Each structure stands twice: as C-alpha cells, then as structure tokens.
C-alpha cells in the first residue's frame, strides 16, 4: 500500500499495541511526542546548543524572567496560529491533571503567562531558585492546541481521549497519524507544515512501524531490508555488514558500535515489604553480575554505571563525582560496585535476615524476602537475559526473585503505577544539566505519584527523602559550580546509604540503519545529529538529514551554531545572556 521508496520503515521503537496519540493519557503511542508535538527550542546534545523551533528567539527581562518569542509562521496543522495561550494551556493542564508534558514545572516556575499573542513569559520560582530547571521548562516548553483540548474536554474526560482520527488530528510537527491496526502504525508527512520554508520538509512521506513481537522477528525483517531505521538490540551486530554483506550500519563501525543513551537501573520498589529496607537494596547491588552480564547478555554494547549516577563516559562530568567517597564505600579502583556475593550475604546477615528452611531469608519483623518478580518487556531479549542472571544470583543469597516478561503495555503500566517489585528500566542521559537531571528524575518524590497512579515524570520506585528535595532546591540557586558540586556530593552519600535504586549500566543508544533506500544517516563519519535513534525524544532532525538514494538532497542549512552558519544557539550564549540580565 505504501510507496517503498518514499517510506521509512522503523523497528525497535514501538512495542505492544498502539494506545493513544494523547500526551495526557496514561499511555501514548511512539511517534506522538517525537514527531507530532514540537518544542519551543530543541536541545542539541551533540552541539550543546538549542535549535529555535516553534520559538524564534528569547529575551531575558531579568535573570529570573524569560520571554520566548513564537515564530509568526508557527501554526497548528488545522491553520490556527500557535500562540502563547497554547503554552500556558499545556502546562496548566499538566498541573491540573497530574500527568502530561512538562511534569514538575510548577515546582521551579512561578508562572507561565501570555504577555502578547506570540510572546510567552516564564518566571523562576525564587524560594527554591533553580536556574537549570528554569531554562529546561521554559526553552523546552511544548505547546498543545488549546482550541482542540477545550473541545475534547466538553465531550469527555481528556485522559480517555484517544486522538486517533487522522483527519481530526491537530499537530505542530511535520507528521501526523495516517493509519494503524494491531500490526502497524503509520505516519504521513504534513506537506503544508508551518515550518516548511524555514526547515524544509522531512524527506520521507511515510513513517511506518510494523509491530514486531520480539527482537528476533524484528532482526529478521532488518536483515531482509524491510527496516530502514532501527533502534533494536542486535546480537553480534557487526556480522550484518562484515559477514552477511548487508547494506547496514551503526554510529560506530568498531566497538562499542553505539553511543550512550543514559543510565539503565535495576529499579527496586521502595514500597514493597523487604524491598523497603535499604540493607536489602544494598545487598541486591552487590549481587548483580555486572561484568558477566554486560559481556554475555549485552555484547559489550555498554559498560557498568558508576553508582553516583553520573555518566563518567564524558570527561567534563567527572568533576561531579566524589571518587574518594565511592572508592572508600565500595573498595574498588573507581568506586564502582563490585559483584560480590560474600558481601551481599554479609549485608543481609548484619541486617538480621536469616534463611528459612526453604533458603529464603526472613527479617526480624517476620518479613520474608519474596516472592518477588524482576520484569522487563517481552521480546527485549538482552534485558530478559540480564534479568535471568540477576534473579539467579538473588535467589542464591535468599531473595526469592523470578523473572516475568509481560507485554510492553502491561510492563509500562506496572512500572509507572509502582506495582512492580524489581525491573530494569531507563532514566535520563547526558545533558546540559547532568547530573542534576538524573537526581531529579530518579530521586525526587515530587515527581512521583502514589502507588496505583501513573507517573512518567520520575521516581518510579517511590523513593521518599526530603533532604534530597532540599538539596535539589539549592543545587542551582547560583551558577557557581561548587554549589552544584557540593549538593551532588551529599546526594551521592545519600544514594550509597539508601540505595534507592541501582544504577547498573550505561544504556546503548540503539541505532542501526539500512542504506538500501535511504542515505546520509548520521554516524561517526557524518555526525549531523547526535540523537538519531528512532525512539529518542529528540530524533526528529534525523528525518531532515537523510534523503532518498534516488533523489539525494543537501544537508539542512539550519544545522550548526549561528556562528557556523546555522541557527542553533550555544548553551554558553544562553547563560551569558542570563548573567547579563542580573
């Protein structure tokens, strides 16, 4: 049905059935955030700069008051101008519903206000001034169509709205839904997209994602040429081009093949009996076979995470790690947690957990350490294998854990609602505000929700610590890096004490491409965009960079900093402007 040469087929981004195209619903479908609803500015991790997208510029009124100027051209796909009211609406709705884009904004932002039709004003909250969050929530603000949502709300509960009618869909991005069924989701380019003159059009007319059940089936499709843009775990991926002579590639031609995405955690639900004990969580950390599982299950595609949660793959981040503390605590050369069952057993012994007749430990208050599950989505074979290795080792120390692999949608439900025991899941990655971003996402009770209520905003494990809140509130009250560092250092002490959840490995930014129909994919040799994975929040520029093999097009002129000839604003410039405005 779809013209092959005008379609990008995608793998590894959509797992389980389509759900909704509504960012205020408990679940939405891959492609909704990525391609349908764009931000004011798009952060460019690769260049540490910001693309003015829906916004054309900003101006600091003072260091705590930021105006964002919406492009005159920015217009919803139904013809209605994108206006400041749309920005206010999106954030106020998220606050009202307790779910939706920009969760947590009202903690660090005093107000968002429409000061003119095309001018939004954001004011930082002074009591707990945080310059990083001020910038994140403002520059990265996503508008949502007020005139559409107020309509839906008169008809039904917004949380129940599916938004699955292609003709009726109102979007700010260059794609909208075209067709879906239990086996596929397809998006079609919006040819009269508001951004067509400033950004050009993305090259593919259709984005199609067949819903594969597992990694092997998606891999089989990729090998035969039926997937152009892949975000999959693939065993021995180099064999695809080395041995099988396929026209496929990755970011790196050599080991490790993938750039890093962020931090993969073993999340441990703090609300569960047994798992609520810091001692038990610490024992679990020592029982994970880091090296062996990353070699065998993960094919060396990523390495062990530092327990500080800081991504030490990047030199500039190391200054934020208290290495002496980590080394002292864990007894290793760099402060990484060793795989040490003797230690895991000792920790449990000293916390008064004694093995019963069935070999499962029982605490002093009579709490048995099990039964528990460790769970990841069905078909995610690398994580599944990890889970088996972890579960076996936990069983050996007297924590009764068995693996369970439900459909993605069910897994996500249990994760977001905090009804899981153990899971492997993602967190956040490198960014201008790292590692504040990861402490905020993983440790901040303010982003969590009660057990039974969905949160995608953070703290799935329902960790609850008020000192961490205080530290986050003061960490960026000034831009002095020492203030930041000292807060991070104390947070690290708290992490090692409480083991709220376990940073385990640096997740791979899964990204493979076929050059059969589509060329000029980003890579080490063509590093045009540093977040090209099809599931990544920030993937969209990839679609403007590639072109048809039979109709090659030039590099987008807007990529690059202003000084280089593009339109991107370096982060340093934004901070300069902020400081100027004091």
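Positions refer to the first chain, counted from 1.
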Legend entry - 145-153 set against 364-372, stretch whose average Cα temperature factor tops the other in the entry: 364-372
Inset, instruction - With reference to the PDB entry, specify whether the mean Cα temperature factor is higher for 217-225 or for 477-485. - result: 477-485
Inset, instruction - Check the PDB entry and point out which of 494, 438, 341, 401 has the largest C-alpha temperature factor. - result: 341
Inset, instruction - Identify, among 262, 377, 79, 357, the residue whose C-alpha carries the highest B-factor in the deposited PDB entry. - result: 357
Legend entry - Third of the chain's Cα B-factor distribution that residue 554 belongs to, per the entry: highest
Legend entry - Chain-wide C-alpha B factor ranking for residue 13, given as lowest, middle or highest third: lowest
Legend entry - CA B-factor ranking of residue 89, expressed as a third of its chain: lowest
Legend entry - Third of the chain's Cα B-factor distribution that residue 244 belongs to, per the entry: highest
Legend entry - Modelled-residue ranking by C-alpha temperature factor, third containing residue 287: lowest
